[PDB]
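Alright, two takes on the same chain below, each alone as structure tokens: structure 1 and structure 2.
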Structure 1
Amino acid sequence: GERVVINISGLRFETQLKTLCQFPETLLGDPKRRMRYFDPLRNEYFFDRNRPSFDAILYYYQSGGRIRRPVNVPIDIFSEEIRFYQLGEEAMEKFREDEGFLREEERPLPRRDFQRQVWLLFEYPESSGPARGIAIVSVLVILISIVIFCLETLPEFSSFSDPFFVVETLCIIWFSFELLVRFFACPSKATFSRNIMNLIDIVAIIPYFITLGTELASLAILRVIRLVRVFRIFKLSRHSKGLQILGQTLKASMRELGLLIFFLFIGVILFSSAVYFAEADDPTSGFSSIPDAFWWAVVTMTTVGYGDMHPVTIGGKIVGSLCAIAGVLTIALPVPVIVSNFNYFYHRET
């Protein structure tokens, strides 16, 4: 248990031999390794290296692997220094996690020589020119599908005299090929369910098939199915990294949307009642019930102010002024949390 006087550029740093002996793969825990640096003239190893970063490494030996970065040393020089002392790769990952970066993950691969060949072609698009081509085709089949949905409703517009059935069929044919190839060439049929984008593909392909069946074999129930056709805009989220951050932002902030709608509802039951009672006995617009004023308090608090219903007394007008300012405050109170979450996810890309 003799004291060892390591010297880093003039700054002496004595520690007990056992404290370093506990870690034997490091530079100072491997005597055949550290011997080179040890100068025996004064019995003190001399390393001419950065001075204010040896304190961290000592704590790692002293506290059984607790590695923390001094906040007056940049990451590059601290990352380089753990390497010279050869604390070891397992140590580096602990440091990497402390910064909080996303340098952990790795994809699997089919590795069968053909399953690997189709999967590379479809899942990853920058890898080869045929692959860049497939994806560009897939943005068009979604854009020529959404154009068909809105046009059908225009007032002017299996007999196949309907071109909004031939064009839908080609679109519900390509989308189905992508779903099937992706399934057969997938490395795992367990993680196929995990991706939400595969579920988006299932939901945007179903209502064409149950419509087909009803004709091939709910009169206003059909309409519930007709709207569920609108979830083909969320097939854009594969070929866009600007939308996947919106996915991760709204999943990590569910509590601060519950708060936004809760705060907004309490006001709509608290300002509406005031204006109904204030404009009670006059030809007061439509304030004929507390339940009626709920439209007026949502339009004034969110600042849209359509102007359909407005107060017409003096008490109504003073309650309208307080309603407008209480809605700029109860809106702007939970939104800084959600804007901050987007900023962390957006820049962490780098």
Structure 2
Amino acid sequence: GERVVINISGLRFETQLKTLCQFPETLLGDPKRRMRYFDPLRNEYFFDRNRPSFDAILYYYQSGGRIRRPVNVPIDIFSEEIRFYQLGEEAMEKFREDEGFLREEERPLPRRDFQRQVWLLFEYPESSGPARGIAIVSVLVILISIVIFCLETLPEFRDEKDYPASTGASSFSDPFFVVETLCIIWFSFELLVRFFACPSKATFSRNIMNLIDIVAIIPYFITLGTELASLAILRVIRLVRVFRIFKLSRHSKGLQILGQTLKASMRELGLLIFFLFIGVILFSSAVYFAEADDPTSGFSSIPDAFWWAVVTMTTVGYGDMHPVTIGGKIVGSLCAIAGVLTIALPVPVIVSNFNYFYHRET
């Protein structure tokens, strides 16, 4: 096997001709390209380039594909070096893959002339002037919907009707109803246009923010339908109307990062709740058995010290009651300490995941 000597700035690197021909379309392998740098006087290919990098670009030839950056070569000087050597776009994506950088930007505009134009208007708000106008209008509509959900349940406005039941009306006299119907009109129109102008109708019931729009529309329609057509469903439907607060996540990049963080960390949250349940059983049992004898004590059950055990460990602190025996006080100081000890353990994993997803936007 004949040998080839490449001299990158005085540093002689040597290899067998077979190794650099494994990849033939590359700069060193291609006979013609490499011929330019060759110097016939000393039989060596002189190049003037970074010394620490050309070591990694000979490993790629001798290892069938692996591309790993030395830890003392900065990213920019390496990216340029794969380019001069002509290792190919497959190679540079693998280098990006080894530095783990997200590479997905797939935006298939339909390109049917009108579907594409209105999709550009309604999806990407930075594109135009009316796109930012539509973003501002949608955020203000969501905000007044939240304000109607809370001011509706306030009692000061219902005092014309605060009367015993034994004595959503379409009478259009209640102002909360007509402003509520205007909000649901806007949500329905916006969702139907985002359905009919999308470039992928099969994938539309896959994105989670679309399923947030649907479950925000639903309960007003089923209460209108059953009203102009139950008592178990009504208390559930009145609390599925709180999900319009999560429909404010299409316009925020902080709520979307908290959704990624809470998805990618479910094992840690399960460990958090499991450790809490263990500690609550243990400490509530010990305070019940160390304070039951005293005639002036208040713990009357083991499933009655559970609230006291959760508030002392998390530190909110109120308690249903408070220990009055010397023994209850020793099991209450151990409970206070063990609480922060057992809830601070899985939290650094969660904040590290957030910090990663928070800087990956950059």
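Every residue number counts along structure 1's sequence, beginning with 1. Between two forms, the rigid core is defined as the largest C-alpha subset superposing within 1.5 Å.
Chemist: Given a rigid core superposition of the two forms, which one of 126, 152, 99, 104 has its CA shift by 2 angstroms or more between structure 1 and structure 2?
Modeler: With the rigid core fitted, the residue that moves is 104.
Chemist: After superposition on the rigid core, does the Cα atom of residue 286 shift by at least 2 Å between structure 1 and structure 2?
Modeler: Where the cores coincide, residue 286 still shows a C-alpha shift between structure 1 and structure 2 that is 2 Å or more.
Chemist: Fitting the two forms on their rigid core, what distance in Å separates the Cα positions of residue 229 between structure 1 and structure 2?
Modeler: It moves 0.4 Å at the C-alpha.
Chemist: Any chance you could measure the C-alpha shift of residue 307 between structure 1 and structure 2 with the core superposed, in Å?
Modeler: C-alpha displacement of residue 307 between structure 1 and structure 2: 4.5 Å.
Chemist: Cα shift of residue 25 between structure 1 and structure 2 after core superposition, in Å?
Modeler: Residue 25 is displaced by 1.2 Å at its C-alpha.
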